[PDB]
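Worksheet: one structure, shown below.
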Amino acid sequence: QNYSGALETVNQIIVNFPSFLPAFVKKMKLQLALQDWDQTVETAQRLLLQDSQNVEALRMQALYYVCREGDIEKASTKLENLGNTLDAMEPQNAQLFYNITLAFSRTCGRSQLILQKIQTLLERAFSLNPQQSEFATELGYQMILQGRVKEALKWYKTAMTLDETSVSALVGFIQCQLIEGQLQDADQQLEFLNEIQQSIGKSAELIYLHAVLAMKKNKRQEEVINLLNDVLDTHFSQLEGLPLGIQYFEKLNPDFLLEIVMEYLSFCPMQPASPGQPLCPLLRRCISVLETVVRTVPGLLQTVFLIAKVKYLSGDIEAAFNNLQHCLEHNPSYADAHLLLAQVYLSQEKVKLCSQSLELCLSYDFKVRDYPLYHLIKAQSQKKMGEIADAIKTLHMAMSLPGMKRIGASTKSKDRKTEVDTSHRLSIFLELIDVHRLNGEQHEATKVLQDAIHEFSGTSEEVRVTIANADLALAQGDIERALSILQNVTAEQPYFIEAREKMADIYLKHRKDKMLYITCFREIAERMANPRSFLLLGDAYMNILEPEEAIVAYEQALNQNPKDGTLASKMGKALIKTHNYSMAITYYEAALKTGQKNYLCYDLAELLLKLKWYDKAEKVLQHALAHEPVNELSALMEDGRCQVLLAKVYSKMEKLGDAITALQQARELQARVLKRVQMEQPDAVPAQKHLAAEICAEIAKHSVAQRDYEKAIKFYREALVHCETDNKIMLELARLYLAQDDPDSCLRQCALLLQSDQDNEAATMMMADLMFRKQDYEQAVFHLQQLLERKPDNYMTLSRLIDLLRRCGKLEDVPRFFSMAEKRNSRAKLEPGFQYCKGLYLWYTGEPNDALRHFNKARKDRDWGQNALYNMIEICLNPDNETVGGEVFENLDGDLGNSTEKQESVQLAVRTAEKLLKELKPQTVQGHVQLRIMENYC
Amino acid sequence: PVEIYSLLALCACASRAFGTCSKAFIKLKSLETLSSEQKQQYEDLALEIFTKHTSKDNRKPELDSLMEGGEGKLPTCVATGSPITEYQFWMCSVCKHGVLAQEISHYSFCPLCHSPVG
C-alpha cells in the first residue's frame, strides 16, 4: 500500500521506457481497483495514443462513460468504436461480442441509445450463431430494458426453443410474465424452478422473482422485505474475494440491485424526515446496496440519483442536492437527476424551480411521460400553483399508464409497461382525491377514494387510505366520520401516530379541547415511543405553549437518536425559551464534538452573543477551527462560514485585524469552494459568489475602522466583482466613493442602485445630497419630495428635506409633508421621528420653547431621540442662539442679562444640558468625543 | 393575536410571570403576518426579559386550568375578568352573563351591555 513509492518507481519506468504498454495496462487496471477513474482515463488514453486497437483500453473508455459519467453520447460512440475494432479484429468471434454485450447491458441504466448499440452487437453474435439460446436470452433481457416486453417474450421463447434447458431464458420469461401480470404462470414456473434450484445452487434472481410475485399477490410487507433481505444476502455471497475487474460489474448486476432498491423504497417513507423512525433500517440497507454500485459503476447515474433520493428521505437535503449537482455535472442531460431535483425543490416549497426542473427533465427525455412518478410530481407542482384542472389532467395521464390499476385482458392502457411502486400508486389515487376535493368534485373524490380502498385493500398503506377517508370527511364536514375512522386505528396498527395526531388536531380545531389534543398526544407517547414521534410530540407541546412537556418529549427523542442536529437545535430553542441555557450550550457542544452540520456553530455562537458572552463565542469558534482544514467541498464551505462567523464575533471583540485574517482565510476557502462548485455544482454559483462578495464587504468594513479607506474601496470593488448588484454593496461603495471625494462614481452607484430598486431610501437621499453639493438644490428637494409621495411616513427623508429647505431659506414648504404623514397615519403625531421632525421645524421658525417641547417628546428614541437630545442641548446651552462671548451683542441686553432671573434660569438650562448629555449614551469613539466636547461647552 | 399577546406579555412581565410572558412571546413570533424584523424585535425583548430575570414564572397564574377546556369552564365575571367560583350568582336579564353577587352591587348598569341591572 505504498502508492507514493510505487508512483515514483512507475514514473521512473515511464521515463526510461515511454512506449512500454504492459506497465500502462497494469496501471490502468490498478487505478480502476483504486476507484481512480481520472487516472484510469489518462492511462487508457495514453495507451490508446500508442495502441489505438487496444480492445481493453477502448472497453475501459466505453465503461468510463457508462460507469462514471453516464454520458449517453460518449458511451454510444465509444461502444460504436469498440464494435468497429471487433469488425477489424476477429469479426467471427461471437463470444467476444456477447461478453461485451453482457457487461454493457448489466451496467446500462436503461438508456435506449446505449441499448440499441448493445443490441446490434448481440444481433451480430446471433447471426454468427443462430443456434445459441443465451444470445437470445440477453436479447430478451435488453428488450425488457427497452420496455419492448413483446420482443422480450419472442427472444426468451426462441431461447427456450433453441435450448429447453436454458433456465436463464425461463427466468427472463417469468420476469416478462410478472410485468404483464400473468401471475398464475409465473407462480407455477417459479415453483418448478425452485425444485430444479438444488441442481444449480441458490440464485438471488429466483428469490427476487418470488419477492416480486409475493408483492404483486399483496403478501405481508415483512415477508417481502425478508425475501429482499435474502436476495441481497445471497447475491453478495457470490462476490466474496473478487478483485475490482470488469467481471465484477456482470456479477454485481447494478440494474437488478436498483430495482430491488426501488421496492425497498416502496416500503420506505415518502417524506424527507430526519433519522429515528422505525422504517429507517430499510433505507440503511438501501445505502449499503447503492454504496456497492458507487464503489464500482456510479456513472450508472440512477445509482447516485438513488443515493441522493435515500439521502433526501433520511433528511440530508444538502447531501441530496450535492449528489444531484454531481450527477448533472457528469451528464447535464440526465433526466432522472432533474426529476429528483423537482422533489428537492418541492420539499423546499420552491414551486417555480420544481416546475423548471420538470420541464428540463422532459426536454432531455420525452419518455419521462411513461413513468407515473413524473405525473405525480407535476400534479404536486400544479396543485401548489393552483392549476387544479391541469393537475386532474396529469393525474389522469398517470392513471392511463400500465400497472396503475388492477386490470384483466383487453387493457385500455397500451404503452410500454413498468413495475409501479404501491406507494406511488397510492399517492396518485390520494392526490386525485385531493385535487377533485379542491375542485369541489366531492362525488368524484369519493368515487376515486372507493377505488383506492379497493386498490390498496389488505396492505399497510390501506390505513393511509382510511386516514384519506378521514381527510375527505373533514372537507365534507363529517367530523365524527373522521374521528370514528381515526379512533378505529389503535396500538397494534401502522400509521397510528398520524391517526392520533389527526384526532388531537380535530379536538383542538372543532371541540376547542386542549386536553383531548394532549391525551391523543400522550396516547402517541404511551403506544408508539420513538425519536420522530417524540420530536413531533415536542412540536405539538410548543404549539400548545407547554415547553416543559415539549422538552420532556425532545429529551425522550434525543437520548435515543443523538446524531440528529435538527432535534438538537429544536431542543436548544425550547431550552432557551425556558432559561436552561447550560443544557442548550452543552447539547450544541456535544453535536459539534460529534461532527454534526454547518449551522450548529451559528446556533451556539449567536446564543452566546445574545447572552453577551462574545469571548466564549470567540473561543468556541476557534475550537471549531482547531482541526487541520478538511478538503471536502462541504467542509471547505463550513469552515469558510465558521471563519466568517468568527470574524463577526471578532468585530465585537475589537480584534479587527484578526477579523480580516479570518475573512481572508474564508476568502481562501471560498475560492476552493468556487473552483469545485463551477465543475460539480453550478446551480450554487450565485449564492457562493454572494458569500464571497459579503466576505470582501466585511474586509472592507474592517479596513474603514482601520482608516484605510483605499482598502475599503478595493475590497468593496472586489465585493462588486463578486456581485455587481447587491443593494448593500452598491450602497457601501457609493458611501466610499462619497467618503473619498468621487461624487461622480458615487452617483453611478446611486443611479444603478435606483435602477435596481427605485424605493431604496438611502440611495435617493445620498443622490439628493450629491445634487445639493453640485448646487442642484431643486433636484435634491424634488427627489426627497417624490420619495415622500411614495412613502409619506418617512422621518429620515422628511428631516433631510427640512434641512434642505432651511439651507435654501424655503421653510414655508414643510407643513405639506407633516400633513401627508398625518393623512396616511393618524398616529404619526405620536411617533418620536415625527416629534423630532416637528422639533427641528420650530427651532427654525423661531420658537425655542416649542422646539424643546417637541424634541422632549422624541428624546428617549434610539435614533430620533438621540438626534433630538443634541438639539435640546443646543437650545439649553444657547436659547437666544448668540455668539457666546460676541462683543457686538453680549455688551447689550443688559436690562435682562444683569438680572438674576435671566442668569439663574439660563445657568440651570446649562447645568441640566449636562443631564441631557448623560442621556446621550455613546456607541462610538466619535460619540464619546462629541459628548465630551458638549459637556465642556456646558 | 398581536394586541392580545402584546397585552398578555406586558401584564405577565409586570406580574413577573415571565414563563406566561414566554408563552405570549412564542405565540407572537409564530405569526405568519409578521416580518423577520418584527419577529426579531419581539425575540430581542423576550431575551432581554429572560436574561435580566428569567423565561419562567417567578409568580404563577393558574387560569390555564380552565382554558385547556377538557374539565369545562367556569363563567368569567364581566365585572372583574376572573372565573366565578360562586355556586349560584347574579346573571343579566339582557346579555345573560354572570357577575359575582358582591361585585354586581357596585353597578347600576351591566358592565358588558350597559342595560339596567336586573
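For the C-alpha cells, the naming scheme is as follows: chains receive sequential letters (A, B, ...) according to their order of presentation, residues are indexed from 1 within each chain, and ligands are indexed from 1 in presentation order.
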Practice item. List every residue of chain B that DSSP, applied to the backbone of this structure, places in strand (DSSP E or B), and write the result as a ChimeraX atom specification. Key: /B:17,57,76,83,90-91,98-99,109,116
Point to revise | Selection: 12 Å around residue 120 (chain A), only C-alpha atoms, excl. self and same-chain fewer than 6 positions, as a PyMOL selection string | key: chain A and resi 76+79-80+83-84+97-98+100-101+105+113-114+126-127+135+138-139+142
For the selection you just gave me, I'd like the residues written to a file as an mmCIF file, in the first residue's frame, keeping C-alpha atoms.
```cif
data_model
loop_
_atom_site.group_PDB
_atom_site.id
_atom_site.type_symbol
_atom_site.label_atom_id
_atom_site.label_comp_id
_atom_site.auth_asym_id
_atom_site.auth_seq_id
_atom_site.Cartn_x
_atom_site.Cartn_y
_atom_site.Cartn_z
ATOM 1 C CA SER A 76 -22.710 5.092 -27.518
ATOM 2 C CA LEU A 79 -19.361 1.375 -27.983
ATOM 3 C CA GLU A 80 -19.512 2.060 -31.779
ATOM 4 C CA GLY A 83 -17.629 -2.702 -32.204
ATOM 5 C CA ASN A 84 -15.617 -1.392 -35.201
ATOM 6 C CA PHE A 97 -19.440 -9.585 -28.882
ATOM 7 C CA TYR A 98 -21.644 -11.468 -26.345
ATOM 8 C CA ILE A 100 -19.107 -7.115 -24.283
ATOM 9 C CA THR A 101 -22.943 -7.019 -24.533
ATOM 10 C CA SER A 105 -26.305 -4.290 -20.726
ATOM 11 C CA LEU A 113 -29.372 4.676 -27.305
ATOM 12 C CA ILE A 114 -26.776 2.575 -25.376
ATOM 13 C CA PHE A 126 -26.781 -14.153 -33.032
ATOM 14 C CA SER A 127 -26.333 -14.014 -36.872
ATOM 15 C CA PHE A 135 -27.617 -14.774 -27.110
ATOM 16 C CA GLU A 138 -29.669 -11.454 -23.400
ATOM 17 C CA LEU A 139 -31.659 -10.017 -26.360
ATOM 18 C CA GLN A 142 -32.181 -5.993 -23.422
#
```
Please tabulate, as CSV, the residues of chain B that come within 12 Å of chain A, each with its closest pair of atoms and the distance in Å to one decimal, counting only C-alpha atoms and ordering rows by chain, then residue number upward.
```
residue,atom,partner,partner_atom,distance
B:18,CA,A:578,CA,9.6
B:19,CA,A:578,CA,7.4
B:20,CA,A:545,CA,9.0
B:21,CA,A:577,CA,10.3
B:22,CA,A:577,CA,6.6
B:23,CA,A:545,CA,5.5
B:24,CA,A:545,CA,8.4
B:25,CA,A:577,CA,9.3
B:26,CA,A:545,CA,7.4
B:27,CA,A:545,CA,7.6
B:28,CA,A:545,CA,11.3
B:29,CA,A:543,CA,11.6
B:30,CA,A:543,CA,9.0
B:31,CA,A:543,CA,11.7
B:40,CA,A:610,CA,11.8
B:43,CA,A:577,CA,10.0
B:44,CA,A:610,CA,8.5
B:45,CA,A:610,CA,11.3
B:46,CA,A:577,CA,8.8
B:47,CA,A:610,CA,7.8
B:48,CA,A:610,CA,9.0
B:49,CA,A:579,CA,10.7
B:50,CA,A:579,CA,6.9
B:51,CA,A:611,CA,7.1
B:52,CA,A:611,CA,10.2
B:53,CA,A:579,CA,9.6
B:54,CA,A:579,CA,6.2
B:55,CA,A:578,CA,5.3
B:56,CA,A:578,CA,6.1
B:57,CA,A:578,CA,9.8
B:64,CA,A:514,CA,10.2
B:65,CA,A:515,CA,10.3
B:66,CA,A:514,CA,10.2
B:67,CA,A:514,CA,8.1
B:68,CA,A:514,CA,4.8
B:69,CA,A:513,CA,5.0
B:70,CA,A:515,CA,5.0
B:71,CA,A:515,CA,8.3
B:72,CA,A:513,CA,9.0
B:73,CA,A:513,CA,11.1
```
Revision key, fill the gap. Between CA of residue 29 (chain A) and CA of residue 48 (chain A) lies a distance of 14.4 Å
